[PDB]
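Encoded as structure tokens, the structure appears first; notes follow it.
Residue numbers (the entry's author numbering): 1 to 132.
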């Protein structure tokens, strides 16, 4: 159906935790979350589509990290990857859309991986939940 008006909140905090390969976000509305650096790079806002499409089917990474944050257009950030990818872009919508679905859309990779015969690089996490 018709698209939204991009009335998303605007990010007013960004923090890292290389300890556990994660990144933290705050908005100016009284919300925060944390996302996996693995998820960030697989679930790019485009990859090898056409500019603006869904991303490709990707494997885990090994021990990705962030090396800098640099804003763009006052409304998005570059999140330069020490794994060797200093060129990507993150609009505020995208990061919330990941965060609010960071479970179902993660389960996606573990499933499609095996149906796809792709790789499985070293990826540990420690924040697992088991409800519903």
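Just so it is clear, CB atoms sit at the ideal spot from N, CA and C, and this is done for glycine as well.
Expected contact under 8 Å - CB spacing of residue 120 and residue 34 to nearest Å: About 23 Å; that fails the 8 Å criterion.
Cutoff 7 Å; reference residue 36; Cβ partners in own chain excluding five residues on either side: 21, 22 and 125
Paired residues, beta bridge with residue 124 - DSSP: According to DSSP, which records beta bridges pairwise, residue 124 is partnered with nothing at all.
Touching by the beta-carbon criterion (3+ pairs, under 8 Å), the region 43-51 and the region 91-107: yes
Residues sharing a beta bridge with residue 95, DSSP: According to DSSP, which records beta bridges pairwise, residue 95 is partnered with nothing at all.
6 Å CB neighbourhood of residue 77 in its chain, flanking five on each side removed: 69, 71 and 90
Burial state of residue 57, where buried means 16 or more other Cβ atoms lie within 10 Å: exposed
Where residue 43 sits in the DSSP three-state scheme: coil
Cβ separation of residue 98 and residue 39, assumed to be a contact under 8 Å, to the nearest whole Å: 6 Å
Span of the alpha helix (DSSP H) around residue 110: 104-116
Proximity winner among 109, 8 and 2, relative to residue 30 (alpha-carbon distances): 8
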